[PDB]
Amino acid sequence: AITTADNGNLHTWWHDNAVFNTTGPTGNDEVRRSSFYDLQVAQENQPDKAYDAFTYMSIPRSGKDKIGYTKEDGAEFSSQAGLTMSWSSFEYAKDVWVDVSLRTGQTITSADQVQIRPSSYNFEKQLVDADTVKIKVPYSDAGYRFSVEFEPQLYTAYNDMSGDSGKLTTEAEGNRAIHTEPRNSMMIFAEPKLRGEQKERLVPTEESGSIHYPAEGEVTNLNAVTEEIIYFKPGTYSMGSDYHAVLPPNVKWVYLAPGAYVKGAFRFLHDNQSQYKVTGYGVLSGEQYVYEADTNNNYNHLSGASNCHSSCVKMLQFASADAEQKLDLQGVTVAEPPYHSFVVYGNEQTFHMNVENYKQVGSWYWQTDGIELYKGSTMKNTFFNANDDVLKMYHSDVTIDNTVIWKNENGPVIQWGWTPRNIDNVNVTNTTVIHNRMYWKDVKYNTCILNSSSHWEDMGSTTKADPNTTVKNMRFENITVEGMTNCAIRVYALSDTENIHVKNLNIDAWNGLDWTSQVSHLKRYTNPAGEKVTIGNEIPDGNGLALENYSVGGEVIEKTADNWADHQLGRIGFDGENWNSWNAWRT
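As deposited, the entry is annotated with X-ray crystallography as its determination method and 1.4000 Å as its resolution.

Rendered as structure tokens:
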């Protein structure tokens, strides 16, 4: 018998319309339940009172065939290898014991056969029996988002080395290891219970404004709501494959309660509010939308153009007026996006975001970009699964802390390239890339942990830079990369570039590709007239690219230690002309 919690210290929930389905799209009124894991939670001093918490599951393309296209969409390997991503959310206010049970019939011999990533979370684990581990999750006001990895679920992705770039395969023989991870992943989002002033800010009441409460089922009428707040109670809601909510000017807040599951997407078309909010510990899933679902094409797949950068369905979209505005984006899990997760158009300097306890899961397709934080924004305590640029660092005065990342195949983790940019004062701390499948045999411009990709208009051109733009004063401190990866950093500088600091980029291992495919780059591009951008002087001015405590396999890479070059452990193949614009040293 399912028993959920709803007390002051613990909140869990269920979906009575849950279904097991590993093969195809669920019904409009159904929620996909994990076939592979069951989870229960108890307050640590009440270990006998364990409550069920639902475990959701996303599968590549929702198991759909490609409708309206045959080209690659980026979900080929994940679909063919049978990858899935399960996740369970709950609210807690006090240390808990979480029981995680594997449903497959596979067994484990010890709690050591269940690994937690981030590995820095040295949670106490106890083996209850041969399919169940108990994990002690301490309370933090940030909560914890982490992966639970049963050894029998691990597989290794290999690059078959075919053609120019290779292709991923689960076949080992004669191929190159790329990364080892659970085939059926299991994320736990242990989120802080909201009280006091935080609850008042993040959970609407009837005192917050007029509220529209959608009924469970089809929700295709949201464009004409007249209330200020749309509040989704626990339950399941469906926008369909051919509609997303384009919200009227009165709506300032969308709230997804814990236990709400909304299939759909939201666009705040109007720019008239001083404060926008999208909050709550519910789920917003794009599972019903086709890859590159184009609003110019009746929501069918993109037809008759090069891109749909501004017309394909986004999970969340806002408009920024010249006036100063704020958005609180909190709590929600964005699942199975058909395109980019998040965008703001308008005045990109006057839309200040406060993002926290936000998650993106099931990012199987290419172009499932993570978040772009606009000028003067902060983000903390998040989880991103993405199959494109994960952290789009395109704006000044941006601060990020405590990001757990499950990277897929395509794009880098951190991106600041693609166009010349003017950026100052960026700080990104405590990033853990727990997995990645970055695999390319050829030396691509848009990959590695950190990246300034070449220009989107022509990635092979070296004349697309602008020396009259400057990217400067960006600090990345603590980037923990677990398992194998492909490369550390590739900067194709499209702007003058100054005082970039990467501290404690710690990589467990390189993958099985040739070392030439693992190279890190630092190159100065020109404008069409031939004027080169400049990289600041690092030796001795400290105004170039600083790699402080960059390590591989625990060994710090040092310019003075003979372990830095392209054929050495550090894999650094920076242009010789830029020698005095970088340093690698041990503190």
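Engineer: Quick question: what am I supposed to make of the domain arrangement of the protein chain here?
Structural biologist: Accessible area lost on assembly of the parts is the figure often given for the size of an interface. Domain annotation for the protein chain reports domain 1 (1-203) and domain 2 (204-587). Distance between the C-alpha centres of domain 1 and domain 2: 23 Å. Taken together, the contacts link 69 residues of domain 1 with 63 residues of domain 2. Interface area, domain 1 with domain 2, both sides summed: about 5400 Å², of which 56% is carbon and sulfur. Considering only the side of domain 1, the residues that lose the most area to domain 2 are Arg145, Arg201 and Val203, jointly responsible for 11% of the buried surface there. Taken together, the connections running from domain 1 to domain 2 amount to 7 salt bridges.

Engineer: Please clarify how unusual backbone geometry should be interpreted in this entry.
Structural biologist: Residues apart from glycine generally show negative phi values, whereas peptide bonds are mostly found in trans. The step from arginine 117 to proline 118 runs through a cis peptide bond, and the omega angle for that step is 5 degrees. Position of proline 118 among the secondary structure elements: in the loop between strand 9 (114-117) and strand 10 (125-129). Between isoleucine 539 and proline 540 the backbone carries a cis peptide bond, its omega angle lying at 5 degrees. Positionally, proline 540 belongs in the loop between strand 43 (521-524) and strand 44 (545-548). Non-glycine residue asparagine 430 carries a positive phi angle of around 65 degrees. Of note, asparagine 430 is situated in strand 38 (residues 423-435). Among the residues examined, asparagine 430 registers a relative accessible area of 36% and is labelled partly exposed.

Engineer: Got a minute to help me understand the environment of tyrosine 365 in this structure?
Structural biologist: With respect to the element layout, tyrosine 365 can be found in the loop between strand 32 (359-361) and strand 33 (371-372). Judged by its relative accessible area of 8%, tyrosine 365 falls in the buried class. When the C-alpha positions of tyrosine 365 and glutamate 76 are compared, they lie 8.6 Å apart, and in sequence the two are 289 residues distant. Here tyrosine 365 is in contact with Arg61, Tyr69, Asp73, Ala75, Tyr291, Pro337, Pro338 and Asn387, once residues within four sequence places are set aside.

Engineer: Looking at this structure, I do not really get the packing of aromatic side chains. What am I missing?
Structural biologist: Centre-to-centre distance and the angle between the planes together describe a pair of aromatic rings. Counted by the stated rule, this structure contains 35 aromatic pairs. Look at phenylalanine 77 and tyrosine 155: their rings are 6.4 Å apart centre to centre, the planes differ by 35 degrees, and that puts the pair in the tilted class. Remark: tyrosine 155 occurs in strand 13 (residues 154-159) and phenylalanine 77 occurs in helix 1 (residues 76-81); sequence separation between them is 78 residues. Overall, the relative accessible area of 11% leaves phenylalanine 77 in the buried class. Taking the relative accessible area as the measure of exposure, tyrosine 155 reaches 5% and is therefore buried. With centroids separated by 5.5 Å and ring planes inclined at 80 degrees, the aromatic side chains of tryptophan 579 and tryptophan 582 adopt a geometry described as edge-to-face. Taking the relative accessible area as the measure of exposure, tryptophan 582 reaches 1% and is therefore buried. Cluster of aromatic residues (ring-pair linked, three or more members): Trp14, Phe54, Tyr56, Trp87 and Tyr261. A cation sits over an aromatic face here: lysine 277 above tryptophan 253, 4.2 Å from the ring centre. When the ring centre of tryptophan 582 is taken as origin, the NZ or CZ atom of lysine 559, which lies over that ring, is 4.4 Å away.

Engineer: I tried to follow the sheet that holds strand 30 (residues 342-346) on my own but got confused; where do I start?
Structural biologist: By definition, the strands of a sheet pair up through backbone hydrogen bonds, in either a parallel or an antiparallel sense. Pairing within the open sheet is parallel, and its 4 strands lie in the order 21-24-27-30. Two strands bound the open sheet, and with one partner strand each, they are strand 21 (245-247) and strand 30. Each strand of the sheet is rotated relative to its neighbour by a mean of 15 degrees, with strand direction disregarded. For strand 27 (residues 316-320) and strand 30, the ladder comprises 5 bridges, and the chain directions are parallel. Note that in strand 30 the partner of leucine 316 across the bridge is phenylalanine 342.

Engineer: So what exactly am I meant to see when it comes to the state of the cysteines here?
Structural biologist: Here a disulfide denotes one covalent bond, and it connects the sulfur atoms of two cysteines. For the structure on display, the rule yields 2 disulfides. Note on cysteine connectivity: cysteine 308 is disulfide-linked to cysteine 312, with sulfurs 2.0 Å apart. One quick way to see it: the torsion about the S-S bond of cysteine 308 and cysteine 312 is about -95 degrees, and its sign makes the bridge left-handed. Residue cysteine 448 pairs covalently with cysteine 487 via a disulfide, S to S 2.0 Å.

Reading the values: rules and limits
Residues numbered from 1 in each chain as written, not as in the entry; some residues may be left out. Heavy atoms only, no water. Domains from an automatic or database assignment. Contact = heavy atoms within 4.5 Å. Buried area = accessible area lost by both parts, 1.4 Å probe. Salt bridge = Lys/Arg side-chain N within 4 Å of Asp/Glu carboxyl O. Helix = DSSP H or I, 4+ residues; strand = E, 2+ residues; numbered from the N terminus. Buried < 20%, exposed > 50% of the residue type's maximum accessible area, 1.4 Å probe, protein only. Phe/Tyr/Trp six-rings, centres within 6.5 Å; stacked < 30°, edge-to-face > 60°. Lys NZ or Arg CZ within 6 Å of the ring centre and 35° of its normal. Pairing = 2+ DSSP bridges. Axes fitted to C-alpha atoms, helices over the stretch in contact; angles between N-to-C directions. Disulfide = S-S within 2.5 Å.

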